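Colleague: Got a structure for you, questions after.
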Amino acid sequence: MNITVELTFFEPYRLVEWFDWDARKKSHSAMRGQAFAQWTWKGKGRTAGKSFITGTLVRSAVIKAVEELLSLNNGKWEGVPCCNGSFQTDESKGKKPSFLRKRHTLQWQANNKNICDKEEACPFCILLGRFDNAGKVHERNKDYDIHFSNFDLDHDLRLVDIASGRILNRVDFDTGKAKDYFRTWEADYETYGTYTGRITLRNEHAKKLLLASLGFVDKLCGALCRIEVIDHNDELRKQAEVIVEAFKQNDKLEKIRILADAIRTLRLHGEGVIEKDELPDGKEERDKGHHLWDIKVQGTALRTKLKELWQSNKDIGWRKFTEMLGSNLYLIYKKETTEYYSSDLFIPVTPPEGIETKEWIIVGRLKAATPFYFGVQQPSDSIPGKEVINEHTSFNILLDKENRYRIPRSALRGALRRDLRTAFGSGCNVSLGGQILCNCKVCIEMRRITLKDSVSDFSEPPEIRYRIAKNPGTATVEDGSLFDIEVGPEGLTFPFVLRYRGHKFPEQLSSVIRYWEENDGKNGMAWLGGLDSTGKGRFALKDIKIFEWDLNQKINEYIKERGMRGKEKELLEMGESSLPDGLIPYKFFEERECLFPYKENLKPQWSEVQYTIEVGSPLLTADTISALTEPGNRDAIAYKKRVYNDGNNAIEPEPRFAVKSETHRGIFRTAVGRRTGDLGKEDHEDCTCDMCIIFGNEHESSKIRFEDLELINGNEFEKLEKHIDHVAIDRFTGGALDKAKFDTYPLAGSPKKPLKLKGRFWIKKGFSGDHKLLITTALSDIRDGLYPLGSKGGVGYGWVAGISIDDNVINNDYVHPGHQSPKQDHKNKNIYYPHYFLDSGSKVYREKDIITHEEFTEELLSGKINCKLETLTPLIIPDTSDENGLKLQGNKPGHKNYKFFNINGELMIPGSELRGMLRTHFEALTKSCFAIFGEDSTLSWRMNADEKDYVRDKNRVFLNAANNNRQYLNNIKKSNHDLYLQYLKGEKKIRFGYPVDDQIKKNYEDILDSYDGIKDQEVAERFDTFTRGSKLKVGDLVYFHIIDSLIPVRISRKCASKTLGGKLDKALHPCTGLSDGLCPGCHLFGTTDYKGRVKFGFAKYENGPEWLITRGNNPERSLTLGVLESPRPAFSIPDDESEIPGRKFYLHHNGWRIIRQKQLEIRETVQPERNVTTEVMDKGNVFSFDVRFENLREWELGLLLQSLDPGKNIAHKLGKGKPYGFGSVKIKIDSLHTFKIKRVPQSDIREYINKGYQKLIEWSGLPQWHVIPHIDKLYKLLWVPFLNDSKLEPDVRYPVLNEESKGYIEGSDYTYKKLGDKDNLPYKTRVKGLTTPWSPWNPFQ
RNA sequence: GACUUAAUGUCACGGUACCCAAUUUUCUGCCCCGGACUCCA
RNA sequence: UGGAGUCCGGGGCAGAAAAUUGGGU
Ligand SMILES: [Mg+2]
Ligand SMILES: [Zn+2]
Ligand SMILES: [Zn+2]
Ligand SMILES: [Zn+2]
Ligand SMILES: [Zn+2]
């Protein structure tokens, strides 16, 4: 009579808001969700409600199951025949049912003995309820021979808790882009998948059928089902407000956008990175510590504050805590800074009796051969019932409530439908709302196909792929083009289930299954999910097992076992013996070569072109966000990915380094666009160019799918990642810039041990020969080194040495006159300053027509220069990765000792060093701006006691006054200690208005901040100059001069009216942006807004005396240098009247001989921490490097070639110890190749340099280069007296501080007390001496 | 009971949150003169 | 009434500026 039945889901079932049948047509979502579960609210506010399943829907499922069961049994179930049943209600006779069947009614041959009526009816009619008192309108529950009550959820209830709203999708087959999308709620089957209802049956006769119907109901509301008969976020936001405010107080608001990312990356790490303080620490002996994690938040370090927050918010998970903290920081930073839904006929279907209906069940694992991405809408708008950018992660991956990676049934089904459409060779676009089922083969097969929403046993956080778009014109980041994608790890396995209820297993579905397989010799081709063009979600079907239900003769076993819906993983795990009766292994699965649609449509659909890139230089695809959260404190580290190991069932411990499929695809796209000119198109809207056809428009899809360039040589390298320090040298002073010092952590590539990056891309079937040739040409361009991988390509990083495709796919004869002073002084009695300042002049030529990188301009030159750098003096390029390279830190604590710069044991000159030295020389040649300048640096000079505006009884009186004052102070201290404290600070008067400008008060603040006291803090605090501290405030007893100077004490330091940037002329300032133009140096070598057109590779050593060899040093090849101290602009600019002298250039001298011959003295007198020990090259060492230039004008190329090889006796200065004579390097061009690849003859090279000279003459207003005054000064600055057969050995050294200081030459005036004195040497004469190169300084000219 | 179904008709497993974009642009691991404040003849 | 003086010591920066999403169906 009455039975209670529970329907249990095994997929996230579809939930829609319940509406009355009259009110349902108003909303399209409810029209779509008629076959879904229905959610009805309670109360107001749309927050609480109950979910249920209408008994009409369960009745429809039961009726479909009964129709199927009777068709397989030819209308006779359990020996009692059933008629075809009636499924047509005429409007005139009665009201139409609320749901009208648009599908084929699966009929049979009616063998009923008598026509069914109210008195007698077959079980089909009883279950249909044709003849009971109940009709279309409902009166009472006792009028139903069959009654399906509403199925109420068993477990107030909140919609967001039960269901999650997700935008689904319809994707066009031809273009690969979505035609439209729609929203659905996917409720939790794990917690809310059981719905209990009541079915009443007045007529017991049909009972045996009805129960079986519950067995054959496979899916309901979008989920496979079986029917059985029986606020921390607010607190985190407030804390993130505190952190953002603390960053604001430090003027570091932008770093919050960094922090909000890094905090999120912490979710990949465990809580230990906060609990065990595994965040990177700052540099050794650094007061500020880490630039991010040591930022003081409410007076405590950011790492400590994060630890306190984690302890406070330990109630929520570490992943949730870090996600919400990063999101809140992101939102506070942001604040502080086609939905398509959806003639009745009764079409019978009578399958032939001879043909039998079976059910195939295919189980397996979808393993992500590449990182997968299943797009989902942001959690902000994913709230069910609710259907500033406020999205921390741009692209979020689809997960569960348990954070498990989920492949939705919808995405898997859509990918399978696409693959089936390809395999059949033809198909239809899925039409929505069609009253007639589509007759296409694809749709017919898909109606028989059921798939299971697969979720992984892996819940670890997704990795973040950072994608940018390069601006083709300037080859820099497009403005606004930066986003993050949540991607699941590759190798992750999902339980794949595919049921096919059909007469025979189609050949095309077998072809698709074989296509998705990898087996042994093929690759899995299940392009599930999105971002496929960037090689996302290429899945492989593995561990496959296909079984068979004989539904025509063994249907009862299927009904009993419910088709094992929800037990498919157990079936995959179980063996052949444990299979249930009626489920036999399907051993007829045709092999891969047997499927005609596979070889004719699926095998050639995506052709795999796999290759290996040999990178002969260090490769840095920067991952800064990970570097912020990882130990080592590196500003940029190489990108590494998390790979899931199925065998270990966990992420592999050591990440796989790779050049991103996004980076790979972008490199290829840029190559193709530049070779075709399509990259230069302003917009690609409704475009059809070759680049758009190959790589996809906003409407079509990419015909080429790039995957990651996995590093496969990593095991070979003993130290895979190389630490390369970089610095920016101020143009005016040869010292480093104030804040521009950093370090990179690329992969240690080298010409002898290149990094092998194996990567593949898939070519769409039917690719044009033009497009295939374009792809091959782009691959050759990568092979030819045109496009370096990763960042710092212009500095030498990521230079591609070669490419292996898989089998199954000149001298400059100028002799400079030199300087007359060293030539006349053949006995070398004169002494010259180690550095002199070249003032080319304030006039700087800026070109506003910026040469673009969007194409290789035909008239402009593009090629490679092979040059032979040769050291004329010992070269010191220290490998500052390890400050203990020589392993003498233990013997001498605090002593920095480096090896020569080497990658994998072979000596090198980093291309950044060569690029910087050549850039300095070129900017001196072309009168370019001071690209690197300490503009913020101020100037201060000690004033002596002069300050020309332009005994026993006295000692006893002083002593008595001091004693009386101390007695008074002690008496007041006895009276009140605080009163004495104030008296000493001057807050209160002790018995016995010139306005202050902002700049003057700022000068006082800098004097206080730059005050250099005693080193020892114990004596410093007592003996330091006592001021109330920090900034000038009300009540500070101070000194002033008419006012001009606000000094804390008498005889303090004068401060300059203008900073160093103010001292420098306006035209010489570094170029900012591109609107005002770029100087020749900044146009050639590039700026922050414009990528440079010259890339300097790493200079590899070949031959020569390998090292400078010396007895004294512990390493015989090493050498200890003198005290290299910071350049003093106060000497070059003695007073505020003096202007910036110009670029600092160091003389070419054998002053290293003095250092080498005085090694014991340098080691004994100099404190170990002050000086450094280095591995040192010798004279004659030969390195070779490549200057890869693109779109270079003829005069630009000529000037660059003149910069490389200036003349016969003109060389350069490179590496450490330049003021000590080290680094005199002679560069000689072996060859100049230019492609449009042809070697340029010497005559053409000379014509380039000759017409480069013409540009210099034009700017000033075989060529002699010294006729140009500033070029003459620059070349004598770089003239090498000892290079030729000349016997000149000039004495070039810094003066000592005073006579008593060590190193003072006895009897000479070469002392800084003498030279800094205005009487012995006035300021203007000193500046003139510093400005005229090779001016004698011991006898001053 | 009701919330919440209508019964001779639910292909919604009828729909891939899909397509487009190079974590990159610039930078010499570099370097010499200062660093303090008073004293009373 | 103004006189100019007493010291030989000492590291620095260690990332900066940008882009942090836009279009489509
Ligand atoms: Mg009825
Ligand atoms: Zn009947
Ligand atoms: Zn179709
Ligand atoms: Zn185009
Ligand atoms: Zn410039």
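Here's how to read the names in the structure tokens: chain A, B, ... by the order shown, residue numbers from 1 in each chain, ligand numbers from 1 in the order shown.
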Please write out the residues within 9 Å of ligand 4 as JSON, numbers by chain, counting only C-alpha atoms (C1' of nucleotides) and all ligand atoms.
Modeller: {"A": [673, 678, 679, 681, 683, 684, 685, 686, 687, 688, 689, 690, 691, 692, 693, 696, 697]}
Colleague: Taking only C-alpha atoms (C1' of nucleotides) and all ligand atoms and a cut-off of 10 Å, can you tell me which residues surround ligand 1, written as a list in words?
Modeller: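 These are the residues that qualify: residues 118, 125, 126, 127, 128, 129, 130, 131, 132, 133, 134, 135, 136, 137, 138, 143, 144, 145, 146 and 147 of chain A; 7 and 8 of chain B.
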Colleague: Nearest residue to chain C out of A:665, A:699, A:76, A:1054, using only C-alpha atoms (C1' of nucleotides)?
Modeller: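 Selected residue with least distance to chain C: A:699.
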Colleague: Quick one: which residues from chain C are at most 6 Å off chain A, using only C-alpha atoms (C1' of nucleotides), as a PDB file with C-alpha atoms (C1' of nucleotides), in the first residue's frame?
Modeller:
```pdb
ATOM      1  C1'   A C   4      90.211  78.959  14.585  1.00  0.00           C
ATOM      2  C1'   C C  13      72.703  49.901  -0.749  1.00  0.00           C
ATOM      3  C1'   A C  14      70.804  45.195  -0.622  1.00  0.00           C
ATOM      4  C1'   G C  15      65.571  46.162  -4.548  1.00  0.00           C
ATOM      5  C1'   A C  16      63.233  50.858  -6.962  1.00  0.00           C
ATOM      6  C1'   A C  19      51.422  46.689 -14.679  1.00  0.00           C
ATOM      7  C1'   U C  20      47.408  43.463 -10.249  1.00  0.00           C
ATOM      8  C1'   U C  21      43.333  42.399 -14.844  1.00  0.00           C
ATOM      9  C1'   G C  24      34.143  39.298 -25.666  1.00  0.00           C
ATOM     10  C1'   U C  25      29.715  35.070 -25.824  1.00  0.00           C
TER      11        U C  25
END
```
Colleague: Residues of segment 16-213 of chain A classed as alpha helix (DSSP H) by DSSP on the backbone are to be reported as a count of residues only.
Modeller: 48
Colleague: What are the closest atom pairs, with distances in Å to one decimal, for all residues of chain B lying within 6 Å of chain A? Consider only C-alpha atoms (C1' of nucleotides), order rows by chain and residue number, and present the result as a Markdown table.
Modeller:
```
| residue | atom | partner | partner_atom | distance |
| --- | --- | --- | --- | --- |
| B:5 | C1' | A:54 | CA | 4.5 |
| B:8 | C1' | A:87 | CA | 4.9 |
| B:9 | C1' | A:101 | CA | 4.4 |
| B:10 | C1' | A:99 | CA | 5.6 |
| B:11 | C1' | A:103 | CA | 5.5 |
| B:13 | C1' | A:450 | CA | 5.4 |
| B:14 | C1' | A:432 | CA | 5.9 |
| B:15 | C1' | A:170 | CA | 4.1 |
| B:16 | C1' | A:411 | CA | 4.0 |
| B:17 | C1' | A:375 | CA | 5.4 |
| B:18 | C1' | A:178 | CA | 4.4 |
| B:19 | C1' | A:177 | CA | 4.7 |
| B:20 | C1' | A:698 | CA | 4.9 |
| B:21 | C1' | A:469 | CA | 4.4 |
| B:22 | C1' | A:663 | CA | 4.2 |
| B:24 | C1' | A:477 | CA | 5.6 |
| B:25 | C1' | A:476 | CA | 4.7 |
| B:26 | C1' | A:1088 | CA | 4.1 |
| B:27 | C1' | A:728 | CA | 4.6 |
| B:28 | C1' | A:913 | CA | 4.3 |
| B:29 | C1' | A:727 | CA | 5.7 |
| B:30 | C1' | A:736 | CA | 5.3 |
| B:31 | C1' | A:735 | CA | 4.7 |
| B:32 | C1' | A:1125 | CA | 5.4 |
```
Colleague: Any residue with an atom at most 8 Å from ligand 5 counts, using only C-alpha atoms (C1' of nucleotides) and all ligand atoms. Which are they? Put them as a PyMOL selection string.
Modeller: chain A and resi 928-931+1068-1072+1078-1083+1087
Colleague: Restrict the selected residues to C-alpha atoms and save them as a CSV table (one decimal), in the first residue's frame.
Modeller:
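File result_0.csv, as written:
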```
chain,number,residue,atom,x,y,z
A,928,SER,CA,72.8,60.5,-23.3
A,929,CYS,CA,71.0,61.1,-20.0
A,930,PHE,CA,72.3,59.9,-16.7
A,931,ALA,CA,70.2,56.7,-16.8
A,1068,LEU,CA,70.6,65.0,-18.1
A,1069,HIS,CA,67.9,63.5,-15.9
A,1070,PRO,CA,66.9,59.9,-16.6
A,1071,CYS,CA,64.1,59.6,-19.1
A,1072,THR,CA,60.7,58.9,-17.6
A,1078,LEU,CA,64.4,58.8,-25.1
A,1079,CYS,CA,68.0,59.7,-25.2
A,1080,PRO,CA,70.2,57.6,-27.6
A,1081,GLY,CA,71.5,55.5,-24.7
A,1082,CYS,CA,68.0,55.1,-23.3
A,1083,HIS,CA,66.6,54.5,-26.8
A,1087,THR,CA,64.0,52.0,-20.2
```
Colleague: Within 6 Å of ligand 2, counting only C-alpha atoms (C1' of nucleotides) and all ligand atoms: which residues, as a PDB file with C-alpha atoms, in the first residue's frame?
Modeller:
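Output (selection.pdb):
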```pdb
ATOM      1  CA  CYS A  82       1.485  -4.543 -20.244  1.00  0.00           C
ATOM      2  CA  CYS A  83      -0.050  -2.507 -23.043  1.00  0.00           C
ATOM      3  CA  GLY A  85      -0.006   2.823 -22.443  1.00  0.00           C
ATOM      4  CA  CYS A 116      -7.433  -1.558 -20.330  1.00  0.00           C
ATOM      5  CA  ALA A 121      -5.744  -2.307 -16.355  1.00  0.00           C
ATOM      6  CA  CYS A 122      -2.222  -3.544 -16.971  1.00  0.00           C
ATOM      7  CA  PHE A 124       1.738   0.100 -16.896  1.00  0.00           C
ATOM      8  CA  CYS A 125      -1.678   1.773 -16.719  1.00  0.00           C
TER       9      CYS A 125
END
```
Colleague: Could you state the separation of atom CA of residue 756 of chain A and atom CA of residue 614 of chain A in Å, given to one decimal place?
Modeller: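 Atom CA of residue 756 of chain A sits 4.8 Å away from atom CA of residue 614 of chain A.
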Colleague: What gap, in Å, lies between atom CA of residue 712 of chain A and atom CA of residue 643 of chain A?
Modeller: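 Taking atom CA of residue 712 of chain A and atom CA of residue 643 of chain A, their separation equals 13.9 Å.
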Colleague: Fewer than 6 positions away in the same chain doesn't count, so skip those; otherwise give me all residues within 12 Å of residue 1154 of chain A, counting only C-alpha atoms (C1' of nucleotides), as number ranges by chain.
Modeller: A: 1119-1122, 1160-1162, 1220-1222, 1289-1293, 1303
